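Starting off, we have a lone chain in the form deposited in one PDB entry, written out as structure tokens.
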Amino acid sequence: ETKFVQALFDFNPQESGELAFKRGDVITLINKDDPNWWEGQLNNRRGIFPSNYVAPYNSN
């Protein structure tokens, strides 16, 4: 499963652990270890972030 989410805001994490995504950026959800903080993969990069800052596109 693939899960794709669309961010609604840019996220510039300077630190490690947080994924770097932008607005409307289709991120491939890696996991949901945290109901608030979801992990996602942006092409290749992994990272965690408040899913609140996005919206499942999943594409379907």
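Note that residue numbering follows the sequence shown and begins at 1.
Quick note: we don't show the form solved in complex with a partner chain, though the next part is all about it.
In the entry with it bound, its partner chain lies within 4.5 Å of some heavy atom of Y53. The shortest heavy atom separation between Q14 and its partner chain in the entry with it bound is within 4.5 Å. Using a 4.5 angstroms threshold between heavy atoms, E18 counts as touching its partner chain in the entry with it bound.
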